[PDB]
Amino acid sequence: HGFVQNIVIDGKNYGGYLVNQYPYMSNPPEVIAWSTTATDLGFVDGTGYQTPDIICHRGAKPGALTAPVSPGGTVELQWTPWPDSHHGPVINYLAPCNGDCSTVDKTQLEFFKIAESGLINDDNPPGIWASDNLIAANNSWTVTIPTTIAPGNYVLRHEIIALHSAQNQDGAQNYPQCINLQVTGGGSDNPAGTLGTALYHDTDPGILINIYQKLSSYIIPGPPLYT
């Protein structure tokens, strides 16, 4: 359980969607982060993979604001303290807004995977995962925006999948957090995109899995990494 509290881009903080404050406020502030109804700080499990909730989390609506990023620039997402127990991958996708991200229909967004990190080491099952990397970096993740993509407005869908309960059907816990970016530079790729509702299925090999046993491999869920 947790959420993204802050985003660091080009030397300033863009405050996150503080899901334990703003839902209680009813004139809440404008941010680059999508609003959600996930006030339990919880997840979308396999029962929700083909619902709109998977796209940018439960009840999500676009952020009003969009943050410019320098070409090949970093976006650092700062989480609330991630529990060691919640082992699993950290996955990052972009979808083009083809206009202002604040007015997009999230159900039409087509995501391409720009980064994925999975099982890092399995010397002591359940092992060391991308989520443990995030903990070791004091609960932050650095995303580098590719220089080879067509610049424009994009949703960054940033996600931890916790697998501590994933040996049961619909046990995997997805924690998607969306923010609005203005990608800048000279690139031209328009990578093939996947609907939010086709990212994951509740029987995928990296989703329905027992992490407590020795693992010979881990198949990071979602569509193929764009390079």
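In case it trips you up, residue 1 is the first one in the sequence shown, and so on. Only the largest set of C-alpha atoms that superpose within 1.5 Å between the two forms is called the rigid core.
- Relative to the displayed structure, the C-alphas of 25-33 lie farther away on average in 8 other deposited structures of this protein than those of the other candidate, with 25-33 and 197-205 compared after rigid core superposition.
- Taking only CA atoms, the mean B-factor in the PDB entry is higher for 25-33 than for the other of 58-66 and 25-33.
- Once the C-alpha B-factors are averaged per stretch, 86-94 and 146-154 rank with 146-154 first.
- Residue 207: CA B factor in the lowest third of modelled residues in this chain (values from the PDB entry).
- In this PDB entry, residue 173 carries a Cα temperature factor that places it within the lowest third of its chain's modelled residues.
- When all modelled residues of the chain are sorted by CA temperature factor, residue 74 is found within the highest third.
- Residue 44 sits in the middle third of its chain by CA B factor, as recorded in the PDB entry.
- Among all modelled residues in its chain, residue 219 ranks in the highest third by Cα B-factor.
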